[PDB]
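One structure is given below, encoded as structure tokens.
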Amino acid sequence: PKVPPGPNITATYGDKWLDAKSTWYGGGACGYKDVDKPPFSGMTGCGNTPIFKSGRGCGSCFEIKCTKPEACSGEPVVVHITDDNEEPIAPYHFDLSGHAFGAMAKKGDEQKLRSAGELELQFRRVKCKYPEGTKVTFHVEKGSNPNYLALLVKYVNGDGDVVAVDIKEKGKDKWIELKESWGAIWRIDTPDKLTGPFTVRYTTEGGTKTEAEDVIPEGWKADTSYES
Ligand SMILES: *[C@@H]1O[C@H](CO)[C@@H](O)[C@H](O)[C@H]1NC(C)=O
């Protein structure tokens with residue numbers, strides 16, 4: 001096979017560090033619920049427009065390091081973007097949670113640092129790392145009836161943002177294309193009842209179409225999460 005081929009020449013997120021202002025806080029736009037519990041575990045933060053990207057960036061994970069105040073470890077920590085930072089104060093502005101903010105400090109200085117209020121950090125997008133056992137969850141948003149479906153596609157550790165979500169009822173052969181809306185909520189209204197079990201197929205930025213067969217059961221209920 002000759003000599004090992006170097007990395008595939010494909011479009012990708014950088015690998016260089018970007019600069020952003022950072023502050024913290026102690027029902028987000030992305031619709032995530034128990035953020036203190038796994039897989040996020042408090043490692044979350046509000047991200048402004050170029051990070052949130054109207055919702056497309058809800059699963060987003062970023063490495064964030066800090067060298068500014070003395071308490072900063074200079075070591076990187078991964079944060080999951082769970083909301084929208086409507087009031088940015090710099091080109092890039094991360095509004096991290098208290099836990100996340102402090103997580104950039106030297107062992108035991110998490111509070112000393114959290115007292116800094118604002119600081120300058122460096123960040124770069126990275127593939128999320130969820131604890132094993134974590135499965136891509138599809139949440140049927142409330143307001144869904146048998147003629148309207150609106151769902152979230154959580155924990156897709158994929159490469160990029162999911163850019164399309166389709167469903168197929170166990171029995172038919174045509175794909176129903178969902179429309180993207182703010183908060184990464186895919187929606188579809190139809191004349192035909194949305195009864196039978198649906199297979200959800202979501203494709204990521206790359207082009208990688210992955211399917212979750214019959215994940216949404218017949219007789220599903222609004223505001224309920226079903227996993228694969
Ligand atoms: C390059 O792309 C192919 C097809 O997706 C994949 O199987 C292969 O492992 C990739 N190579 C590297 C070095 O990542």
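By convention here, the chains of the structure tokens are called A, B, ... in the order presented, each chain's residues are numbered starting at 1, and ligands are numbered starting at 1 in the order presented.
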
Exercise for the section: Write as JSON, numbers by chain the residues around ligand 1, taking 7 Å as the cut-off and counting only C-alpha atoms and all ligand atoms. Expected result: {"A": [5, 6, 7, 8]}

What would the file look like if the residues just selected were written as a PDB file, in the first residue's frame with N, CA and C atoms?
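The resulting again20.pdb:
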ATOM      1  N   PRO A   5      -1.257   7.531   3.572  1.00  0.00           N
ATOM      2  CA  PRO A   5      -1.777   8.806   3.085  1.00  0.00           C
ATOM      3  C   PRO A   5      -2.000   9.796   4.224  1.00  0.00           C
ATOM      4  N   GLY A   6      -1.548  11.027   4.014  1.00  0.00           N
ATOM      5  CA  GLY A   6      -1.710  12.053   5.018  1.00  0.00           C
ATOM      6  C   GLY A   6      -3.180  12.355   5.167  1.00  0.00           C
ATOM      7  N   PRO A   7      -3.569  13.141   6.175  1.00  0.00           N
ATOM      8  CA  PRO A   7      -4.983  13.477   6.382  1.00  0.00           C
ATOM      9  C   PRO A   7      -5.753  13.928   5.147  1.00  0.00           C
ATOM     10  N   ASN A   8      -6.963  13.396   5.006  1.00  0.00           N
ATOM     11  CA  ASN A   8      -7.857  13.716   3.898  1.00  0.00           C
ATOM     12  C   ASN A   8      -8.048  15.226   3.763  1.00  0.00           C
TER      13      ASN A   8
END

Exercise for the section: Pick out each residue of segment 52-127 of chain A that DSSP on the backbone tags as strand (DSSP E); I need them as JSON, numbers by chain. Expected result: {"A": [61, 62, 63, 64, 65, 66, 77, 78, 79, 80, 81, 82, 83, 84, 93, 94, 95, 96, 97, 119, 120, 121, 122, 123, 124, 125]}

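Shell of residue 123 of chain A at 10 Å, with only C-alpha atoms counted and residues fewer than 6 places along the chain excluded, is residues 15, 16, 17, 18, 19, 20, 62, 63, 64, 65, 66, 76, 77, 78, 79, 92 and 94 of chain A.
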
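Within 8 Å of segment 174-191 of chain A there are residues 29, 30, 31, 54, 55, 56, 57, 58, 147, 148, 149, 150, 151, 152, 164, 165, 166, 167 and 168 of chain A, counting only C-alpha atoms and ignoring same-chain residues fewer than 5 positions away.
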
Report as CSV the residues of segment 108-158 of chain A within 9 Å of segment 203-219 of chain A, each with its shortest atom pair and distance in Å (one decimal), using only C-alpha atoms, ordered by chain and increasing residue number.
residue,atom,partner,partner_atom,distance
A:138,CA,A:215,CA,8.0
A:140,CA,A:216,CA,8.6
A:158,CA,A:204,CA,6.8

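Between atom CA of residue 34 of chain A and atom CA of residue 85 of chain A the separation is 19.3 Å.
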
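Among A:60, A:225, A:49, A:137, the residue with the shortest atom-to-atom distance to residue 153 of chain A, counting only C-alpha atoms, is A:137.
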
Can you list, as a compact mmCIF listing (two decimals) with C-alpha atoms, in the first residue's frame, every protein, DNA or RNA residue that comes within 8 Å of residue 100 of chain A when you count only C-alpha atoms, leaving out same-chain residues fewer than 5 positions away?
# COMPACT_ATOMS: atom_id res chain seq x y z
CA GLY A 42 -22.59 22.06 33.90
CA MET A 43 -19.99 22.47 31.15
CA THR A 44 -22.23 24.88 29.26
CA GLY A 45 -22.39 28.44 28.00
CA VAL A 79 -17.87 23.47 26.94

Handout entry: Residues within 8 Å of residue 22 of chain A, only C-alpha atoms, excluding chain neighbours under 5 positions, as number ranges by chain
Key = A: 93-96, 118-121

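Using only C-alpha atoms, the nearest neighbour of residue 127 of chain A within the list A:146, A:59, A:38, A:196 is A:59.
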
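Candidate residues A:115, A:157, A:145, A:199 were compared for distance to residue 172 of chain A, and the nearest is A:199, using only C-alpha atoms.
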
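The closest residue to residue 116 of chain A, picked from A:220, A:24, A:198, A:130 and counting only C-alpha atoms, is A:24.
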
Exercise for the section: DSSP on the backbone, then: every residue of segment 45-207 of chain A marked helix (DSSP H, G or I), written as a PyMOL selection string. Expected result: chain A and resi 49-55+98-102+110-114

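With atom CA of residue 90 of chain A on one side and atom CA of residue 75 of chain A on the other, the separation reads 22.6 Å.
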